[PDB]
Amino acid sequence: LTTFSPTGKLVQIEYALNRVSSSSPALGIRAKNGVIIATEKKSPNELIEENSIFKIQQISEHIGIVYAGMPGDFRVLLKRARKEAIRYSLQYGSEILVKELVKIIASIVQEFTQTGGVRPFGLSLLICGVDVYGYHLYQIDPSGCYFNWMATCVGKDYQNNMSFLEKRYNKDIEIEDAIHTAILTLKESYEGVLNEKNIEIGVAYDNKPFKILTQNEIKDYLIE
Amino acid sequence: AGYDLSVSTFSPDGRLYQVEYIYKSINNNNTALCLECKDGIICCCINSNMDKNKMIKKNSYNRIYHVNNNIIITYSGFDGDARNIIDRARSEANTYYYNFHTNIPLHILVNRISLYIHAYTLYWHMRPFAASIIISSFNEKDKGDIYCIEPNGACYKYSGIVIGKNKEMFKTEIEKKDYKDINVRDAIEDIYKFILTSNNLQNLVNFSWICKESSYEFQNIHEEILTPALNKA
Amino acid sequence: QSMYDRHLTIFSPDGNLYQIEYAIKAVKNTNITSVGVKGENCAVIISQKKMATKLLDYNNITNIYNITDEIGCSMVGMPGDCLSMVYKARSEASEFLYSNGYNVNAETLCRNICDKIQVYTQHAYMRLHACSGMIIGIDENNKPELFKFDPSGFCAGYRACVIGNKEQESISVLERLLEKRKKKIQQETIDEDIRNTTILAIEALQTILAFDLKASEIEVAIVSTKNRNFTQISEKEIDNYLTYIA
Amino acid sequence: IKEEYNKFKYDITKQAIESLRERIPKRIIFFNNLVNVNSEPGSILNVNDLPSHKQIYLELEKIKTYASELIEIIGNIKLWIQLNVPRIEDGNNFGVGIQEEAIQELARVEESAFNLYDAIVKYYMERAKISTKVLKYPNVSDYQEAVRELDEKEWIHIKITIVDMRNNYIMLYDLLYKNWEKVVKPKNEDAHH
Amino acid sequence: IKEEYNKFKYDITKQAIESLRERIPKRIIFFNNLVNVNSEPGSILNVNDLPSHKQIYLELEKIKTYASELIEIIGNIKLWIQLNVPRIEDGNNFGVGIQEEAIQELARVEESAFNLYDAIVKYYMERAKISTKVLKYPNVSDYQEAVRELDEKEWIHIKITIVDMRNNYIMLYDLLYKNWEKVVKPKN
Amino acid sequence: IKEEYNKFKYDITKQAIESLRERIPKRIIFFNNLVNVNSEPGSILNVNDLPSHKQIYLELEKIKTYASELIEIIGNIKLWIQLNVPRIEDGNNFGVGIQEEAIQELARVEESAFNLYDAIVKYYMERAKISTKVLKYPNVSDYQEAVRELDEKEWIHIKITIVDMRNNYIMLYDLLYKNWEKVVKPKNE
Amino acid sequence: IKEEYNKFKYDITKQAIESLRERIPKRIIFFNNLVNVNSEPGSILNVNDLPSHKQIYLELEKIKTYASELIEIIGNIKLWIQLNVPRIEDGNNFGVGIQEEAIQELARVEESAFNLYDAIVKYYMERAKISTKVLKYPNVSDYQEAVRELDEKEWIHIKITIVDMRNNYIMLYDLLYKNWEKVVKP
Amino acid sequence: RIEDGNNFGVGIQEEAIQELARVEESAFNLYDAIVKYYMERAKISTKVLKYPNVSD
Amino acid sequence: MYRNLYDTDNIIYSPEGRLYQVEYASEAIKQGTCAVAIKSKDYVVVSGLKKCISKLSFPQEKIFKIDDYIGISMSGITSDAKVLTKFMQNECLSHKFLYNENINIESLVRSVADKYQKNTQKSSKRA
């Protein structure tokens with residue numbers, strides 16, 4: 001029942017976009033030999049074990065996802081994302097393409113806007129992964145649209161967070177060199193200067209299966 | 001700012017309004033009573049609605065129901081809405097009897113009745129129930145136990161409980177005498193003395209006791225034991 | 001004024017679901033607390049045994065409900081919503097056996113509960129379930145697991161956590177109580193976790209509730225290895241552990 | 001200091017009940033004995049029994065006593081209701097509305113009695129100004145007619161004040177009597193634990 | 001005291017019914033005989049039959065009698081409705097609204113009748129001031145015209161007041177008669 | 001500069017708590033001891049104990065002291081609540097509703113105490129004008145009764161003001177006490 | 001001119017930030033040292049330190065300076081919030097309500113400071129009228145009492161105004177600080 | 001043309017006439033206000049001539 | 001905030017504790033004609049007064065028939081009374097078909113009173 005407005009814009013969608021504009025910052029940057037993703041994990045205390053609460057989940061052996069909104073919604077969209085990675089894998093024996101997968105999740109998010117008595121999704125996705133047509137890094141909007149980004153951020157204060165990427169990014173960057181330009185876009189962007197194994201980073205890892213980098217592995221890059 | 005309209009709306013304070021009004025609805029209806037004894041569980045039900053009809057039969061308006069021979073159920077509130085819960089109570093016993101060939105125990109029936117009352121609270125279209133239910137029994141080996149089901153679940157085991165229009169009055173009268181080890185034949189005469197305190201000499205209080213070593217099954221009021229009421233002491 | 005918090009599926013201008021936010025305040029208003037803490041090869045839940053704000057049998061009122069013989073859990077908040085949540089968990093954990101053979105995992109149980117909770121959030125079908133709880137239980141990996149879930153979707157999981165009305169005055173105490181065993185002595189594991197974790201658990205509850213903590217008003221449960229049963233610790237052992245504070 | 005405050009809550013409560021059980025009923029009959037409801041029309045509010053006007057002067061003195069007794073009695077009753085308003089909550093505040101309605105009526109009666117003191121000053125001040133004009137202009141007869149008419153107006157108004165006094169006393173007693181259960185316990189204490 | 005008070009509650013109720021069945025209809029005939037509805041236009045509100053003006057003096061004295069009796073009759077009726085107002089409750093209180101409309105209507109007429117006592121004093125006071133000016137300025141004829149106009153203005157206003165008296169008596173009587181069941185017993 | 005400003009926020013808060021725990025209850029008993037609630041009717045608002053009226057003059061000076069001390073105490077309480085209003089948000093501002101209602105009540109009592117200074121000037125000014133008329137027209141007796149009656153009106157007004165002081169002090173104390181939890185922590189996550 | 005105009009909007013923005021970071025905190029402490037919140041009751045609002053009244057004259061000139069500095073600072077702040085109001089749209093304008101709430105209270109204090117100019121004229125006008133009457137009617141003592149009380153009234157009003165200055169400055173600073181994110185980008 | 005609904009744009013226009021008229025009414029009242037200055041200053045000045053020693 | 005919020009819905013409850021929508025239905029039966037029945041020791045007589053709306057009209061029926069030994073007499077609106085008559089007729093006739101004994105009286109009214117209950121909790125259907 002999220003109807004229109006006289007100005008010609010959905011008001012519930014604009015309200016939903018404010019929720020992703022005030023959550024933890026998610027950041028993905030593509031490269032020429034893989035795609036990387038990062039998320040500022042706001043650790044509230046030492047009681048929450050890091051191996052339970054995560055911001056980087058998998059869809060298949062080559063698809064990575066990132067969350068940027070309502071934590072309670074970080075699982076329902078994941079269940080239908082993995083289900084679509086299975087329904088395509090049952091009929092078609094090969095792997096699910098990212099463009100074929102992102103167009104289905106965008107259709108699922110869309111149906112939660114036109115249906116009566118429902119609420120739009122309070123999150124922004126970041127689907128990334130190795131494909132047979134190169135690499136990809138898409139971003140799903142609560143409105144239902146999707147963009148074929150190259151390097152983007154969706155969390156809190158992204159108007160100036162993207163400014164680091166508009167001036168410190170080249171078309172031909174390796175995945176190992178893109179890690180430090182991503183950490184700089186997190187530590188040197190805003191508060192959270194005590195970045196000591198409090199950042200989750202997933203990579204495509206040059207056509208190998210999706211690898212979730214461990215805390216001590218990121219520590220090698222956290223020294224700079 | 002008017003947030004107690006539907007049942008699915010939560011108040012900003014944190015309380016759940018539109019369900020707390022039901023307690024003010026059962027506080028204006030007639031009362032019911034029950035208590036533990038060393039020989040059984042004597043029940044009670046006062047129907048303080050004498051000033052308007054005066055044409056009903058003497059022993060017609062009965063508010064004591066039983067799902068089978070050993071579990072009694074009373075009402076406190078809207079008498080119409082309580083019929084639907086008894087239908088769900090007897091059907092719960094019959095469904096449990098088909099699947100398990102035995103009488104349904106007390107600690108598994110109360111948990112299934114409270115779920116039925118609570119299930120109508122969650123809906124945005126169905127109105128919640130308006131009847132507090134007293135469920136009790138008396139085992140042969142173990143002693144009795146009285147479960148009180150009010151609106152919005154909350155099944156609680158008691159030892160004596162009164163609900164109705166004088167719940168803050170009769171509660172002080174039960175804590176005086178330790179009813180846990182007395183009898184049933186003497187408590188029935190003590191119960192009739194309480195009603196006279198708080199309003200006439202009428203036989204509008206129909207009640208039965210589940211056990212008097214009378215095969216430990218739900219009996220009737222047994223008028224001959226009710227007529228020698230100590231109307232003065 | 002008539003703000004935007006009427007329905008449950010309607011966002012606010014700033015972007016906050018106020019029907020969920022008010023539901024969390026329902027748990028903080030029941031003034032019933034509980035502490036859960038996982039140590040080495042064990043985990044315990046400490047109840048409070050208080051009526052959700054005479055002749056009430058205190059052995060019946062509780063805040064501990066076993067979902068299965070291996071996975072136990074606690075419940076707080078409104079008594080009506082917490083009872084139905086156990087039935088929506090017992091009928092789910094037992095359904096896992098009939099649909100997958102193995103016993104349900106502790107981490108999978110909480111995530112499957114939150115999936116049904118999230119469905120009632122996006123749809124205006126029913127009212128939110130004003131409750132919370134600490135799902136406890138060991139897994140096949142012979143490791144203890146603890147998980148807490150809010151009225152919204154959450155599968156946080158903590159090595160020591162407090163649920164109830166005093167979550168804003170306990171993290172500063174549980175961190176010290178956990179530090180009183182981690183970076184301290186930490187000699188070995190003589191399978192005496194009960195004398196090591198539960199003693200360092202009941203002490204945490206006494207630092208939260210300023211009362212004397214009567215043994216007849218508190219009941220705990222252990223799911224440690226060699227036991228695996230979510231057994232409610234008897235009254236005599238509770239009163240015995242209360243004297244260990246001296 | 002803690003003792004004086006609890007003592008204050010006890011002493012007020014007594015005075016409120018004392019006023020409703022004794023002070024208010026006695027005054028009802030008193031004013032009724034002065035302006036009986038059973039009188040036939042026109043026998044009270046007439047002008048048949050009509051330097052300063054000593055006749056009018058004596059009646060205002062009684063009015064000021066009557067005005068005094070009303071504000072003191074209603075003021076403590078009003079304050080008692082104020083101390084009895086429960087904590088503000090959203091929803092289930094039907095009883096505070098009853099309480100608020102009661103405070104509204106008490107303030108209404110209070111402003112009415114309060115304006116009598118100001119009204120008496122205007123009577124003498126305005127009458128004195130016209131009399132000055134009579135001294136300056138002794139042949140304009142309408143000024144003398146104005147004086148005559150003014151006393152008859154004030155005389156009827158005096159009785160209207162006494163009737164309004166009477167009517168205020170009964171409306172307060174009737175309101176509190178009918179709504180007694182909601183003024184003391186507007187929100188039932190949910191007695192758990 | 002409880003007995004004397006209950007007698008008081010009884011005595012008011014008597015006066016209210018007595019006034020509507022006898023006192024009010026009698027006044028209808030009285031004022032109608034003074035302002036007949038069948039009169040041709042202009043035969044009432046005209047000025048052909050109009051020191052101080054002894055003629056206006058005698059007419060104002062009669063007005064005060066009419067004004068006194070009006071306030072007395074409506075005042076007991078107003079109190080009577082108030083004593084018949086049931087306990088305040090939420091919902092199903094349409095009948096108190098009916099009662100409220102009646103109290104409102106009674107207070108409206110009472111306030112209207114109350115201002116006549118103040119207005120008559122103002123007439124003579126204003127007229128005396130202009131007359132003083134005539135003594136100071138004897139050739140400005142408009143002051144003399146003003147004297148003429150004051151009597152003509154008050155004369156028109158006086159009759160409209162009398163018509164308003166007549167009209168108020170019937171509007172109160174007609175309203176209470178039609179809505180009598182809800183004014184006395186608004187609930188069960 | 002940051003230190004001196006933060007010191008100010010601490011210093012106000014102390015004065016506010018001190019006022020509810022000490023200054024306000026002490027004044028409640030003080031004014032009550034002057035005009036006891038248990039008095040029989042008419043024993044307060046009477047005239048038995050009644051150039052200018054030197055007796056009335058001394059009483060007004062005492063009134064201004066009561067008025068001065070009241071505005072200062074409530075003003076700091078009001079400012080403290082103002083410093084305690086949370087960031088403006090849509091929804092979940094029930095505690096802000098308590099705060100808004102409280103500011104309204106504090107401002108109402110403050111405005112009430114404020115007009116007494118103007119009212120006292122009006123008393124002498126109005127009385128002097130009538131007195132001028134008595135000097136010009138010494139035989140029209142109604143001017144002299146009006147002066148007398150004016151003092152009797154003011155005498156009543158003085159005492160109704162004192163009861164209003166008493167009643168305001170208790171209404172401020174009981175309201176903040178009952179709603180204390182929502183005044184300090186209206187939202188606080 | 002278009003460049004100079006955008007520069008003007010920039011020039012306002014500078015003045016607004018300059019006022020909140022420097023001009024406003026300094027004045028908070030300034031008015032506080034004259035009427036300290038920690039003062040014991042009656043030590044501020046007393047009358048111990050109280051032809052024309054030359055003593056009162058000296059106090060009003062300082063007040064007019066305080067009023068002058070207040071209107072100038074707040075006026076640019078109001079303009080600064082006004083230039084930051086977004087394009088008018090239907091819905092999703094909760095932030096403009098915050099902007100509107102801030103301008104209205106700001107306008108209220110400005111109007112409050114504006115009435116001081118009217119307030120100083122009324123004091124002298126009223127005092128002058130009574131003084132004519134005391135010389136003409138020297139035995140009616142209430143006219144002399146009226147002069148005394150007017151000064152006592154004005155003295156109280158002067159200090160409460162200073163308190164009102166203090167309280168307005170902090171409530172204004174506190175409001176913008178808490179709502180800073182929504183005032184610039186609503 | 002006035003229509004029911006989908007008339008959000010008339011509100012801006014309504015807002016615009018209101019804002020334009022507000023500024024216009026404000027400037028318009030100055031001509032009357034200037035007369036008040038001279039009238040009040042002259043009136044007080046007459047009092048100075050009548051009471052030359054009252055310094056206020 | 002009262003007198004008009006808790007009035008038009010069959011779901012909301014008053015803060016006092018009264019379902020005011022259902023309470024209007026209890027008063028809605030008072031606008032109908034009178035009826036009276038007398039229970040003797042072995043007989044029951046029902047006197048019903050019809051209502052001739054016009055001179056040309058015929059008096060509408062008040063006393064009905066359900067079975068040989070069961071007969072009702074409505075008092076209220078003819079819209080819902082006819083629906084309950086058909087529900088009571090199909091119920092008692094089914095008892096003489098499914099079994100052979102007559103239907104118990106109290107076991108019949110328990111089904112009719114339950115029909116009122118089903119039309120009280122749903123928001124769509126009224127009472």
# chains A, B, ... in the order shown; residues from 1 in each chain; ligands from 1
$ select_by_dssp --residues "region 8-181 of chain E" --states "alpha helix (DSSP H)" --output "PyMOL selection string"
chain E and resi 8-18+24-34+54-83+94-136+141-178+180-181
$ residues_around --residues "region 24-27 of chain D" --least-positions-apart "6" --cutoff "10 Å" --atoms "only C-alpha atoms" --output "ChimeraX atom specification"
/D:17-18,33,66,69-70,73-74,165-166,169-170,172-173 /E:1-2,4-5
$ write_last_selection --atoms "N, CA and C atoms" --output "PDB file, in the first residue's frame"
ATOM      1  N   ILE D  17     -12.531  15.576  52.401  1.00  0.00           N
ATOM      2  CA  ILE D  17     -13.679  14.761  52.794  1.00  0.00           C
ATOM      3  C   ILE D  17     -14.580  15.528  53.753  1.00  0.00           C
ATOM      4  N   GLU D  18     -13.969  16.232  54.723  1.00  0.00           N
ATOM      5  CA  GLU D  18     -14.705  17.050  55.688  1.00  0.00           C
ATOM      6  C   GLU D  18     -15.556  18.092  54.983  1.00  0.00           C
ATOM      7  N   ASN D  33     -32.029  28.618  52.071  1.00  0.00           N
ATOM      8  CA  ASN D  33     -32.923  29.319  52.984  1.00  0.00           C
ATOM      9  C   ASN D  33     -33.043  30.802  52.644  1.00  0.00           C
ATOM     10  N   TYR D  66     -19.447  35.139  51.789  1.00  0.00           N
ATOM     11  CA  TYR D  66     -19.834  34.004  50.947  1.00  0.00           C
ATOM     12  C   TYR D  66     -18.769  33.715  49.900  1.00  0.00           C
ATOM     13  N   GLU D  69     -15.693  32.046  51.759  1.00  0.00           N
ATOM     14  CA  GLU D  69     -15.906  30.644  52.092  1.00  0.00           C
ATOM     15  C   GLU D  69     -15.855  29.731  50.879  1.00  0.00           C
ATOM     16  N   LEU D  70     -16.304  30.196  49.711  1.00  0.00           N
ATOM     17  CA  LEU D  70     -16.247  29.337  48.533  1.00  0.00           C
ATOM     18  C   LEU D  70     -14.827  29.061  48.043  1.00  0.00           C
ATOM     19  N   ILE D  73     -12.871  26.713  50.446  1.00  0.00           N
ATOM     20  CA  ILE D  73     -13.344  25.330  50.394  1.00  0.00           C
ATOM     21  C   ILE D  73     -12.991  24.678  49.059  1.00  0.00           C
ATOM     22  N   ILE D  74     -13.311  25.331  47.938  1.00  0.00           N
ATOM     23  CA  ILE D  74     -13.058  24.708  46.637  1.00  0.00           C
ATOM     24  C   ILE D  74     -11.560  24.586  46.370  1.00  0.00           C
ATOM     25  N   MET D 165     -23.981  31.293  43.442  1.00  0.00           N
ATOM     26  CA  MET D 165     -23.307  30.685  44.581  1.00  0.00           C
ATOM     27  C   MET D 165     -23.951  29.338  44.872  1.00  0.00           C
ATOM     28  N   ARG D 166     -25.271  29.371  45.115  1.00  0.00           N
ATOM     29  CA  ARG D 166     -26.105  28.197  45.373  1.00  0.00           C
ATOM     30  C   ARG D 166     -25.910  27.148  44.288  1.00  0.00           C
ATOM     31  N   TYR D 169     -22.473  25.516  44.370  1.00  0.00           N
ATOM     32  CA  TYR D 169     -22.358  24.580  45.489  1.00  0.00           C
ATOM     33  C   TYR D 169     -23.000  23.231  45.182  1.00  0.00           C
ATOM     34  N   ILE D 170     -24.150  23.230  44.510  1.00  0.00           N
ATOM     35  CA  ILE D 170     -24.819  21.965  44.233  1.00  0.00           C
ATOM     36  C   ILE D 170     -24.112  21.220  43.102  1.00  0.00           C
ATOM     37  N   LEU D 172     -20.968  21.250  42.303  1.00  0.00           N
ATOM     38  CA  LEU D 172     -19.744  20.636  42.814  1.00  0.00           C
ATOM     39  C   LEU D 172     -20.055  19.387  43.620  1.00  0.00           C
ATOM     40  N   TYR D 173     -21.047  19.469  44.510  1.00  0.00           N
ATOM     41  CA  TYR D 173     -21.420  18.316  45.322  1.00  0.00           C
ATOM     42  C   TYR D 173     -21.946  17.180  44.457  1.00  0.00           C
TER      43      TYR D 173
ATOM     44  N   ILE E   1     -29.773  15.932  57.832  1.00  0.00           N
ATOM     45  CA  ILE E   1     -29.359  16.770  56.716  1.00  0.00           C
ATOM     46  C   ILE E   1     -29.604  16.029  55.402  1.00  0.00           C
ATOM     47  N   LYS E   2     -29.319  14.721  55.419  1.00  0.00           N
ATOM     48  CA  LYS E   2     -29.548  13.846  54.271  1.00  0.00           C
ATOM     49  C   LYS E   2     -31.012  13.851  53.850  1.00  0.00           C
ATOM     50  N   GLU E   4     -33.219  16.467  54.484  1.00  0.00           N
ATOM     51  CA  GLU E   4     -33.493  17.806  53.960  1.00  0.00           C
ATOM     52  C   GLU E   4     -32.943  17.962  52.543  1.00  0.00           C
ATOM     53  N   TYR E   5     -31.790  17.346  52.277  1.00  0.00           N
ATOM     54  CA  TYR E   5     -31.175  17.420  50.958  1.00  0.00           C
ATOM     55  C   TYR E   5     -31.999  16.645  49.938  1.00  0.00           C
TER      56      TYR E   5
END
$ residues_around --residues "residue 19 (chain C)" --least-positions-apart "2" --cutoff "10 Å" --atoms "only C-alpha atoms" --output "number ranges by chain"
B: 8-12, 14; C: 4-11, 16-17, 21-24, 121, 127-128; F: 92
$ interface_residues --of "chain D" --to "chain F" --cutoff "8 Å" --atoms "only C-alpha atoms" --output "MDAnalysis selection string"
chainID D and resid 1 4:5 11:12 15 51:52 65 68:69 72:73 76 79 82:83 86:88 90 117:118 120:121 124:125 127:128 131:132
$ interface_residues --of "chain C" --to "chain G" --cutoff "12 Å" --atoms "only C-alpha atoms" --output "number ranges by chain"
C: 3-4, 11-15
